[PDB]
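Engineer:
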Amino acid sequence: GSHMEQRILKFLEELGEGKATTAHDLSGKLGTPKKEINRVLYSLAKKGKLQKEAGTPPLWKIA
Amino acid sequence: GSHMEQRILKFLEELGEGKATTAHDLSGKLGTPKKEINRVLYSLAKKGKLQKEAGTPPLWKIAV
Amino acid sequence: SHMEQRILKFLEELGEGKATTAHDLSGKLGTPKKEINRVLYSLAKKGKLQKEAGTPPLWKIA
Amino acid sequence: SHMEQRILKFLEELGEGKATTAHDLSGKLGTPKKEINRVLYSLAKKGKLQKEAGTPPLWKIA
DNA sequence: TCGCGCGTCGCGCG
DNA sequence: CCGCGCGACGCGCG
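Residue numbers (PDB author numbering), protein chains in the order written: chain A, 136 to 198; chain D, 136 to 199; chain B, 137 to 198; chain C, 137 to 198.
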């Protein structure tokens, strides 16, 4: 893309370091299906750019 | 309960003025079954403290 | 399950053109109406029961 | 359902007590794996099929 | 230990 | 024309 990766990093940056959010939350606000959201979230995780907090659902933040 | 009633009111107050949220949303940020959250949400509406807006799911905000 | 069996029986002991409500079944088998309704709608899927429109909805055997 | 029938047949031809996987069915029926599992688990709710523990899980006609 | 089926739900109801 | 069955869901999978 060009790029769902950058859009997410912003929503979290604007949210402020140390604050988390769910994929379901990012889905409805970025107008993007939760499916594509998670595959990018986990992609960012494999790049150490994001940190996941286990749970149901999982929480994502910049840290 | 009043404890839960006060927690919900706080959240909406901090959420700014004119903004709304959902029961599913409050459920996660309060660690409480949505079934229970709705009991309190609708009760506060009975007391004229909250207003319910149409939507999917419905949106809730402080009564004006 | 023990519920599906205990509902089918009751409705069978009922007439052919007879139909009852989930509320009547709840206050007859000492069972949460949520459970009764769960089973009823479950049996309606398997064609084992028939639902008649209205409030409350009426239920009978097929 | 037709998809339900194509699966039941395969398992019947496979023998009694025999089991296979979703991946296998997917390839021999030319149907996406997601669709296969939906029907498998669906039939499991109807008591038609039986799921055996494993990875991937094995499926047998109950 | 790639297991994955996964949809919708609005429900407040005593 | 209170009808209401409604649980859990974590899923990213190529």
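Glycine included, each C-beta is placed from N, C-alpha and C at the ideal position.
Can you tell me the Cα-Cα spacing of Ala-158(D) and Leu-150(B), whole angstroms?
Structural biologist: Within the model, the alpha-carbon separation for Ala-158(D) versus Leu-150(B) is close to 42 Å.
Engineer: Does the distance from the CB of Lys-187(A) to the CB of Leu-147(A) come in under 8 Å?
Structural biologist: no
Engineer: Below 8 Å on the Cβ atoms is my contact criterion, and I expect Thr-156(C) with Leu-194(C) to pass it. Report the Cβ-Cβ distance as a whole number of Å.
Structural biologist: 7 Å
Engineer: Could you tell me the distance, in whole angstroms, from the CA atom of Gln-141(B) to the CA atom of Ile-172(B)?
Structural biologist: Looking at the two C-alpha atoms, the distance is approximately 12 Å.
Engineer: Of all the options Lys-181(D), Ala-189(D), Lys-145(D) and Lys-164(D), which has the alpha carbon lying nearest to the alpha carbon of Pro-192(A)?
Structural biologist: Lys-164(D)
Engineer: Helix, strand or coil, according to DSSP, for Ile-172(D) in the structure here?
Structural biologist: helix
Engineer: Under the DSSP definition of a beta bridge, which residues are partnered with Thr-167(B)?
Structural biologist: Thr-167(B) is not bridged to any residue.
Engineer: Taking just the CA atoms, how far does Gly-183(A) sit from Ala-198(A)?
Structural biologist: 11 Å
Engineer: With the cut-off set at 8 Å, would you say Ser-178(C) and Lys-169(C) are in Cβ contact?
Structural biologist: no
Engineer: With a threshold of 7 Å on Cβ separation, who are the neighbours of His-138(A) within its own chain once the five nearest residues in sequence on each side are excluded?
Structural biologist: none
Engineer: Let me check you understand the geometry: is the CB of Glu-188(D) closer than 7 Å to at least one non-hydrogen atom of the ligand SAH?
Structural biologist: For the ligand SAH, the structure offers nothing, since it holds no ligand at all.
Engineer: Where does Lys-145(D) fall in DSSP's three states?
Structural biologist: helix
Engineer: Which of helix, strand or coil does DSSP assign to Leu-150(D)?
Structural biologist: Looking at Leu-150(D) - three-state DSSP - the assignment turns out to be coil, as it is neither helix nor strand.
Engineer: Could you tell me which residues DSSP puts in a beta bridge with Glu-188(D)?
Structural biologist: Bridge partners of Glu-188(D): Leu-194(D).
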